[PDB]
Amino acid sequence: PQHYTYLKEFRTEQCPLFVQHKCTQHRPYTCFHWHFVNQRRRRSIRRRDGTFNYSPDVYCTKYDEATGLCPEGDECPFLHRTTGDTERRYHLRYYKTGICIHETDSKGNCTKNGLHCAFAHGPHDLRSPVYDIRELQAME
């Protein structure tokens, strides 16, 4: 059940090893957790009213990619282009919904995008998109 943990937790909290100068995954940057705020991801959520807490498609124009700060903060309804575009790649709408074009290795992981590839490697690894009620209503 790795999908749940990535959707809920990927890059949402700071790496405790990094603050102790002990994270081996800073360069190149491959950690599960954020090291700087400009690498922080907001958990993507579908609210009870059927809307996403933020869009899977429209990028915020005020988000400061260098500092990880948006004037509207986390309540911003638009997508933030954080490091590695992880708000989009790990969004309920898109995470693991397409097939990865890259080969799969013997442990079932991506040969090119590393352990955190957000494309699917095999049927067990594919999920159906979750849609905003507004996308569903457009699809009609």
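Each residue number is its position in the shown sequence, starting from 1.
Do the CA atoms of 83 to 91 or those of 111 to 119 have the higher mean B-factor in the entry?
Taking the mean C-alpha B-factor of 83 to 91 and of 111 to 119, the larger value falls to 111 to 119.
Higher-scoring stretch by recorded Cα B factor average, 120 to 128 or 16 to 24
Comparing 120 to 128 with 16 to 24, the higher mean C-alpha B-factor belongs to 16 to 24.
Taking the Cα B-factors listed in the entry, which of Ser55, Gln39, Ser106, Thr97 comes out highest?
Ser106 has the highest C-alpha B-factor of those listed.
Ranked C-alpha temperature factor of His33 among modelled chain residues, by third:
According to the entry, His33 has a C-alpha B-factor in the chain's lowest third.
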